[PDB]
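Counting starts at 1 for both ligands and their atoms, in listed order. Quick note: residue numbers are just sequence positions, from 1.
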Amino acid sequence: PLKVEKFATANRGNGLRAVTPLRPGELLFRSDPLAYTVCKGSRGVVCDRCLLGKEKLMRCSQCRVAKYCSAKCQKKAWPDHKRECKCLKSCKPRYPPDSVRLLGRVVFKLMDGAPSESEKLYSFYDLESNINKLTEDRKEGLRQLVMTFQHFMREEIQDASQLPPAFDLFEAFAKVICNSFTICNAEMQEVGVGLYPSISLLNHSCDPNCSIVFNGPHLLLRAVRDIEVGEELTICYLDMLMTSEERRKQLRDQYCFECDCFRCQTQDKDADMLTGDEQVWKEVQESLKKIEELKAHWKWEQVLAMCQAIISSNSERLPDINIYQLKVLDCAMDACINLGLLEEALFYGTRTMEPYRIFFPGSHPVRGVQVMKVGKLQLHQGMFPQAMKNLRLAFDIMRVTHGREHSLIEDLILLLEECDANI
Ligand SMILES: C[S@@+](CC[C@H](N)C(=O)[O-])C[C@H]1O[C@@H](n2cnc3c(N)ncnc32)[C@H](O)[C@@H]1O
Ligand SMILES: [Zn+2]
Ligand SMILES: [Zn+2]
Ligand SMILES: [Zn+2]
């Protein structure tokens, strides 16, 4: 029996609420995507199917765009790839926007696959589109995505008879905008995008009572606070390292609503997030656009070189509590780890630990994984009591946010065992 249920909220459309009391860590829903694809920067870096990175990937011989970690993944992916394959080939070397490839897989799944378990509570047809709130600028952008879709799908979709009944391409892209999920690997690197329509019932909170984590394309929804019967379930749609002004803009631009929560009313944590000299963090925030772009393409050496230029600058520096400085530190930590610079990684990672405690309150999967990385670096360095403390803290968080059903809990348990045997 389900612990959650769809309901009509008073002023946020449809939502999800608890049917039984919930405790921190309790698994509320599991889902595979209705449809998903690899994101632009991870294309050819991770496997199209399982979203794991490898040093060498096999490509699909027909289109040479889809790439896989194994013969098993390539064969298993063939049904959901067969029709897009003709489209990607005939449109080479033009590669579609991620949302267009995603919507292609939506159409093929809806036309050719059995009804999807991902739609059990809520279907793609049910999804909010926010049409009557879109600006003229947004509508124009969606009209270009429509034509991009029609161009890219020409080989497989000729007319409305190859679409689901009463299927409006404009309205479908509007649904995509405000219901796409960014998929991340175990290390919290962005690797894909997917639609999970039952999960799309969850409304936003800047201080949520639930959390989702991804294990490959599989999505786990867990409570991270006590929740009582009838209480609405919420997740945070946004990066925690954002000011209320930055949250207002993205929630307006992407989700067409204004947030009334306590954090937004009081600009909760804004002042701490923006400490240091404004001119300096303006420039660091500018640079982060290139840094994050490079990182989205796994270009670790260039990421590290840009981050070192900031972290160890000869010009003025920022406190580690500044969110842009914090972001640079994490990018440098993750680069060093992938480049095997483990002493330097531990240096940056340890510096993020107190800012992460402040900005990821309660149980948040992002902080749980960060602490696990630091303790793993400390274990490899022989700092056994210090590693053991952070590994236990990571377990305390990730037992709630990840849970037994997430394979990273297994990896963490082994690290805990290895570190305890040392002690
Ligand atoms: C993923 S859907 C959530 C389910 C949605 N309420 C529905 O009816 O299908 C995202 C949309 O829900 C609405 N929404 C989500 N969180 C909200 C909030 N905190 N306040 C008002 N509306 C919200 C916005 O319309 C947003 O674009
Ligand atoms: Zn694979
Ligand atoms: Zn192919
Ligand atoms: Zn808010």
Total protein N/O/S atoms sitting under 2.8 Å from the Zn ion (ligand 4), waters ignored, is 4
Test: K269 cationic atom under 6.0 Å from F359 six-membered ring centre, within 45° of axis
no
Output field for angle at the Zn ion (ligand 3), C85.SG vs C63.SG, rounded to 10°, should show 110°
Quiz item: Centre of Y95's six-membered ring, under 6.0 Å away, within 45 degrees of the axis: is that where NZ or CZ of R43 sits?
Solution: yes
* To do: Kindly check if the number of other-residue, nucleotide or ligand heavy atoms within 6.0 Å of NZ (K175) is above 12?
  => yes
Note to self: With a 6.0 Å cut-off (strictly less than), is the heavy-atom count around CD of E245, excluding the residue itself, greater than 12?
What the structure shows: no
Q.
Using a 6.0 Å cut-off, check whether atom CZ of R247 has over 12 heavy atoms from anything other than its own residue.
A. yes
Value for CE (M273) from CG (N322), rounded to nearest 0.5 Å, stands at 10.0 Å
**Report entry** Short side-chain donor-acceptor distance under 3.5 Å, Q285 and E246
**Finding:** yes
For this session: Mind telling me whether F257 and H204 have parallel, tilted or perpendicular rings, with 30° and 60° as the class edges?
Result: tilted
- Whether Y237 and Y255 hold their rings parallel, tilted or perpendicular, with breakpoints at 30° and 60°: tilted
If you count every protein N, O or S atom closer than 2.8 Å to the Zn ion (ligand 2), you should arrive at 4
Decide whether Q370 and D330 meet the rule of one side-chain donor and one side-chain acceptor closer than 3.5 Å. yes
